[PDB]
Amino acid sequence: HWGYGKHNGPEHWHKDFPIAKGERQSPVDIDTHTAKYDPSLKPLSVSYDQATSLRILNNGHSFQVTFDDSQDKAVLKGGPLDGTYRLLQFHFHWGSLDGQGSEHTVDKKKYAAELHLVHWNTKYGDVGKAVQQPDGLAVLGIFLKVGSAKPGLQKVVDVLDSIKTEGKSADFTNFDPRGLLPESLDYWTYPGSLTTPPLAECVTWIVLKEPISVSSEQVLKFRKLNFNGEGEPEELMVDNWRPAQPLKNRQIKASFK
Ligand SMILES: Cc1cc(NC(=O)Nc2cc(S(N)(=O)=O)cc([N+](=O)[O-])c2O)ccc1F
Ligand SMILES: [Zn+2]
C-alpha cells in the first residue's frame, strides 16, 4: 500500500485516506513568533520509572519499541492533558541527510530525526477505542540533532541489525525510555493527527523545545534499515517523514516564555 516513495508517498495518501486533507492534520511548522504563551498550561508529568519494554520490530515504515500497557506503569499526565495516558510504543522518523528527517519543523528548520512516544487515554479502555476520540492519544515529540552521542540510545542502535527488514522483531526488555529525554520539558502543544495512515485526528501533540543530540554513527545505523522484507530488492529505510501540513484554524500554545 502506502509508503514514502514517489508513487505511494504522502501526496498520494488522500486517495485511500481522505482525512489527509482534513482540518487538524500533522505535522505542522511551529512558528515561534506566532505561538502563544499560555500560563494556564501545567508542567508535564512523565512517570516512566516502572516502564516494561517488550519488543522491537521493523514494521516496514519505521521501527518501534513496544511496552506493556495493561497497567499504569509508564504514564504521561499534566501539561495540556486531562487524565492519564499510558505509553504504548515509541518510534522514529529520519532522513537520508542530516538536514532533513523531522516531521515537525521550527521556523522552517528541519532536524535530522524525530522521536515519537505514543500514549493513549485510559478513559477509553483500549487504544483502538482511543483513536476514535478527539482526545484519544498524546504523542510526545523530541527532535534529534547530530552532535555528541546519546548514551541512552546506544542499546537501540546495537539491536537494529537483528530487525533489518520488514516484519522482523526481537525481544527488547528492560529498556528505560528516560534515557531518551532532554533536560528541559518545556513544550509546544496543538491538536493534530497521526502522521501515518490512517491519519486519524485523535492526537494532542506535545513537542519539546530542547532537542537531544545523537552522534553521526548512531543515525547512520538508522539509515541501514530496509523498507523491504527479507528476500526482496533492498530499499534503504530513509526519509520516512510526512511534510508539514496547513495549520488552518489552530493555535499553537507554548508552555514557556
Ligand atoms: C487504528 C490504529 C492505528 C495505530 N497506529 C499508531 O498508533 N501509531 C503509529 C504512529 C505513528 S505517528 N507518527 O502518528 O505517531 C507512526 C507509526 N509508525 O511510523 O510506525 C505508528 O505505528 C494504533 C492503534 C490503532 F487502533
Ligand atoms: Zn511518528
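Starting from 1, each residue takes its place in the sequence as its number. Below, all heavy atoms of this structure are taken into account, side chains as well, without hydrogens, waters or symmetry copies. Both counts, for ligands and for their atoms, begin at 1 and track the order of listing.
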Short list, please: which atoms of ligand 1 are under 4.0 Å from a heavy atom of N59? 20 (O)
Of the side chain and backbone of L194, name the one, both, or neither that has a heavy atom under 4.0 Å from an atom of ligand 1. both
Which atoms from ligand 1 have a heavy atom of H93 less than 4.0 Å away? 13 (N)
Only one of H7, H61, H12, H14 passes ring pair (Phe, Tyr, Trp, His ring centres under 6.0 Å) with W2; say which it is. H61
Which atoms of ligand 1 sit under 4.0 Å from any heavy atom of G128? 26 (F)
Specify the protein heavy atom at minimum distance from atom 3 (C) of ligand 1: its residue, its atom name, and the distance to 0.1 Å. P198 CD, 4.1 Å
Selection from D126, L57, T66, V131 by shortest heavy-atom distance to atom 26 (F) of ligand 1: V131
Counting from 1, what ligand 1 atoms have a heavy atom of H116 closer than 4.0 Å? 13 (N), 15 (O)
Taking the six-membered ring for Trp and the full ring for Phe, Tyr or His, determine whether the centres of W205 and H116 are under 6.0 Å apart. yes
Can you find an N/O atom of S62 closer than 3.5 Å to an N/O atom of ligand 1? no
Please confirm whether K224 makes a cation-pi placement over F222, using NZ or CZ under 6.0 Å from the six-membered ring centre and within 45° of the ring normal. no
Around the Zn ion (ligand 2), how many protein N, O or S atoms are found at less than 2.8 Å? 3
Under the 3.5 angstrom rule, does the side chain of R250 hit a backbone N or O of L247 as a donor-acceptor pair? yes
Which of the numbered atoms in ligand 1 are under 4.0 angstrom from any heavy atom belonging to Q64? 22 (O)
Of all protein heavy atoms, the one nearest atom 15 (O) of ligand 1 is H91 CE1, 3.4 Å
Would you say that more than 12 heavy atoms from the other residues, nucleotides or ligands in this model lie under 6.0 Å from the NZ of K248, or not? yes
Donor-acceptor pair, side chain of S53 and main chain of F172, under 3.5 angstrom: yes
Does atom 11 (C) of ligand 1 have a protein heavy-atom neighbour under 4.0 Å away? yes
Sub-4.5 Å side-chain heavy-atom contact between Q218 and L144: no
Candidates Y111, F63, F143, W241 - the one meeting ring pair (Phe, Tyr, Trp, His ring centres under 6.0 Å) with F92: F63
Salt bridge check: are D29 and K110 linked by an N-O gap of less than 4.0 Å? no
Whether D68 side chain and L54 backbone form a donor-acceptor pair below 3.5 Å: no
Should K36 and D38 be marked as a salt bridge (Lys or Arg N to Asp or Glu O under 4.0 Å) after you check the CA-CA gap, both sets of side-chain angles, and the distance that decides it? CA-CA 6 Å; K36 183 72 188 298; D38 183 354; over 6 Å; no
Could you check atom 7 (O) of ligand 1 against the protein and tell me its nearest heavy-atom contact, residue, atom and distance included? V118 CG1, 4.3 Å
Is there a nitrogen or oxygen of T195 sitting under 3.5 Å from a nitrogen or oxygen of ligand 1? yes
Flag side-chain contact, heavy atom, 4.5 Å: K209 against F256: yes
Does any N or O in the side chain of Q50 come within less than 3.5 Å of the main-chain N or O of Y48, such that one atom is a donor and the other an acceptor? no
Heavy-atom contacts with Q89 under 4.0 Å: which atoms of ligand 1 show up? List them by number with element. 8 (N), 9 (C), 21 (C), 22 (O)
